[PDB]
């Protein structure tokens, strides 16, 4: 029994070992309680404003849409304390951990932005934080490893499997299944077992709420479409949520196409995988014919995951949101373009969203369209990766 619906159509659920069910039910109960507690909400709001820096700016691009009929705004989650949208829901979950009498935090991280967010919230609120990170990601997102450790978090390299995000998720869940009496698992995306996809959406939904108020103020109308990258689903559902019932507003999610969908080296299960059960949820998965979970691939550590949150699977199924893919090369071009023409260095994850919006404009340059891209993070963590690539080329 649960207080809230664990499913979005066919997708979602609580596919965890029986041992973990009480922890999940306790968390769901604490969340329902907190949502109606004015003191919780006032604490959370105060942290978001005075600590994390909300509301974040909505920036109109001035250069990258020149000569077309596209108006493009960037929702500036890159300006959030910590440098990505991940900080929003970590503040709410950290308060929940305290509400439940937990003094320890476990988190997985890929891009290291959720790890940094987990570390900073734990430093602030007096929690002991341990972070699992795939060994490949420890290298390609190294600046975030230094940031986490400076903030007093234990960072545990994971060498198993692909040594990337899915393997970090696995280790975090295994750890929690033995440590749940004292540790809260601060899952960093809108995926995993209920109640996580629900909690993460509700603790990220200020992104779309602000976006709506800001675009109305500046344009006097809703966007034609909002566009967001999808690694597990949190920044995209945070942007989408407040627009779901605005039927004219397109919701476009961008999966990583990696080296090209045809290569099999990608992270786009919503459009190219099939329904399976893994990481506590029933959701689209990259899997073998026999049902082994496949290793994903993206240039972006934050997108490199072989599944996706169930609410996106559901929104896709009913046609409410559309999902597309962007390759490593497309993301890199969008990264360079934003740096050179708008003076903003985006996260490579966010650059997938930007790349799709640039394609929408370039493909149909006389189509009148008002677009918002969720600029989920800044690209400081990616600068060494991108430099090395552009050098191995000649740019």
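The term rigid core refers to the most C-alpha atoms you can superpose between the two forms while keeping them within 1.5 Å. Positions refer to the first chain, counted from 1.
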| property | result |
| --- | --- |
| Higher C-alpha RMS shift from the shown form in 4 other deposited structures of this protein - 80 to 88 or 176 to 184, rigid core fit | 176 to 184 |
| Greater Cα displacement in 4 other deposited structures of this protein once the core is superposed, comparing 267 to 275 with 288 to 296 | 288 to 296 |
| Mean C-alpha B-factor comparison - 347 to 355 and 65 to 73, higher one | 65 to 73 |
| Mean C-alpha temperature factor, higher of 38 to 46 and 336 to 344 | 38 to 46 |
| Residue with maximal Cα B-factor (values as given in the PDB entry) among 188, 253, 220, 193 | 220 |
| C-alpha B-factor winner, where the candidates are 158, 84, 301, 207 | 158 |
| Third assignment of residue 386 from its chain's C-alpha B-factors | highest |
| Record-listed C-alpha B factor of residue 20: chain third | middle |
| Residue 146 - Cα temperature factor, lowest/middle/highest third of chain | highest |
| Chain-relative CA temperature factor third for residue 179 | highest |
| CA B-factor placement of residue 280, once the chain's modelled residues are sorted into thirds | middle |
